[PDB]
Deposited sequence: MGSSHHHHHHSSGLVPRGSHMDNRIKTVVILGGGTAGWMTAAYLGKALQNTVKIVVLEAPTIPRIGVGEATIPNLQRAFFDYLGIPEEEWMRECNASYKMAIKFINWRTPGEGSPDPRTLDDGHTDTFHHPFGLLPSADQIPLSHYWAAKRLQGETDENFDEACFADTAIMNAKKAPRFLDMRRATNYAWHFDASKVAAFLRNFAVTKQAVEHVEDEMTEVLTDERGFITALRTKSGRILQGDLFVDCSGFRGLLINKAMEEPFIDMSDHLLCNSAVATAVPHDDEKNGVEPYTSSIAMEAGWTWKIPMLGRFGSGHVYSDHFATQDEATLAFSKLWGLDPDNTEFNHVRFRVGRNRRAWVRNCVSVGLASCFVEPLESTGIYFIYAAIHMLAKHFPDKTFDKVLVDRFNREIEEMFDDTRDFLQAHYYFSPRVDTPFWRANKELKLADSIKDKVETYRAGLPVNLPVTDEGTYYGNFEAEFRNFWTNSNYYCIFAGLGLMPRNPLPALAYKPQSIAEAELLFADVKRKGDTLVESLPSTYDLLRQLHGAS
């Protein structure tokens, strides 16, 4: 009998309790699970597969967890002032053509005509001077719905659009801890780790605690955060610093009480460009989480905190600030011997595409797939490690493109981004885009894509996502897709799709409830 009998998780929070609850379901009461954890809600934003890939697996209905963590609805990230110079403002500046400096990255699907995405018909007309319309307004009904602050469901809870979630991550962690301890008999040891015991092979045998426990385990999950107390400190696995691709390394954050009555609730996360980074806005009922992500090479903590405060008119003497220094990059290997890293202990990028929670449940999914026995088959470990490195580096490259293709040159920070190098993989995608070709076509429709883990994991950033960011920032193809010059019938079919987007936006803006009204009903306010 070579089975793992005990799994010890170091750390709580979202990483530790997502790991505990998921393995609690996956291992069907065959394995003892222990969490060792020493005893302000700035908001977290997510992507649409969180319910299908995580909560549905645990059998937790969406409304149940949402009501425990002041959750709200997200249809997109809205990028504000990424193309125009100046100080941080929550209000969009005006471009040369009179448009507000805003662009959306929605979760809505792009339809195709003749197997060519609607993006490419839009780009052909834009390049040929035949449309004045922005990509997001042309191609997604979601853009109209967001502009109206309408909800992605009706009051009868019928779905209207794709969406994900805003929530208090501390409340999600507390909710999952309660679930794991009360419904899955996970053992919660509330104590400080004082020593990692290892054998002659460098495998972890046990964690010593301050109170004198020696917690034996066969498999150790490092959820200890940026310090990597098992994977980095005990296992001596090097961390690969990737600040040569992304310069931001710090955040200052708070939660801001909000006049939902007067302002409604935006069904999207905002990414507000700053002089030395950007600021999130993550609406929830009664308040929005907000954090200024910055490079401490280009702003001091005090300078960033002052800029963040000025943005929202905060009184710095009645505001609780939370300050973090990030580690940006990933370990050389996520799993070494009998130590698997998950969450910040494994890897991190700034929350610019709301990938943090996704990286936790993707890692947990890959651990359950590659779950070992005590022989620690090197092929299982290697395949898990390859999946984590590919997932991470692909998202790192995608985030670098947000900065690299910004036209801003107004501050040392915005210029400094354009002196960095792109990795070969994203250079290849930019060249493909610049020739008018799609980048990573989607393989399926919405249901299959957000309802099968492998489908989204293998095609995570697709053509729609590349167009939203490249075209949003003003990077266009050199010329239209040449095939379109031969396809007058397909161009006509695409005109019907553009008209469908307009009619659907008109219809749903008229018929949907406000996000505020859907939230008041969900939370029983």
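Residues 1 to 21, 61 to 64, 551 of the deposited sequence have no C-alpha coordinates in the model.
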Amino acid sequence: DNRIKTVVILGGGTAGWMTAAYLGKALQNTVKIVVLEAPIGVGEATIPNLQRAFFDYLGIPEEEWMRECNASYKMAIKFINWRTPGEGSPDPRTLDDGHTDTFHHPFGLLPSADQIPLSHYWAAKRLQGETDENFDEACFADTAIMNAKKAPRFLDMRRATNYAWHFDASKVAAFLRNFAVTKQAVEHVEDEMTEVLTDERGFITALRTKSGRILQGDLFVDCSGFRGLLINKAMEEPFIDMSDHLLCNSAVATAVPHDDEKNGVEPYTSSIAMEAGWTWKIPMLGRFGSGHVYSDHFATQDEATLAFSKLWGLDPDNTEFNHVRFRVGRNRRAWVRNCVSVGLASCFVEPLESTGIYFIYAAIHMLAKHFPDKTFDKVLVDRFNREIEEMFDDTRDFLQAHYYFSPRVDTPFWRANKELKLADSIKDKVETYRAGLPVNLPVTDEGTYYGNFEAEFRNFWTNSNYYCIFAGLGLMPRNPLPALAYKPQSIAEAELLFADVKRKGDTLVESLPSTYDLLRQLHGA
From here on, numbers count along this sequence of modelled residues.
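Mean C-alpha B-factor is higher over 433 to 441 than over the other stretch, the pair under comparison being 288 to 296 and 433 to 441.
The deposited model assigns a higher average Cα B-factor to 424 to 432 than to the other stretch when 334 to 342 and 424 to 432 are compared. The PDB entry assigns its highest CA temperature factor, among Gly277, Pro106, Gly329, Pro257, to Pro257.
Taking only the listed residues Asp394, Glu419, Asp101, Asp142, the entry reports the highest CA temperature factor at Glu419. Per-chain ranking of the deposited C-alpha B factor places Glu192 in the highest third. Ranked against the other modelled residues of its chain, the C-alpha B-factor of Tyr268 as given in the entry falls in the lowest third. The PDB entry assigns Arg208 a C-alpha temperature factor belonging to the highest third of its chain's modelled residues. When the modelled residues of the chain are ordered by C-alpha B-factor, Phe457 sits in the highest third. In the deposited entry, the Cα temperature factor of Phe498 sits in the middle third of values across the chain's modelled residues.
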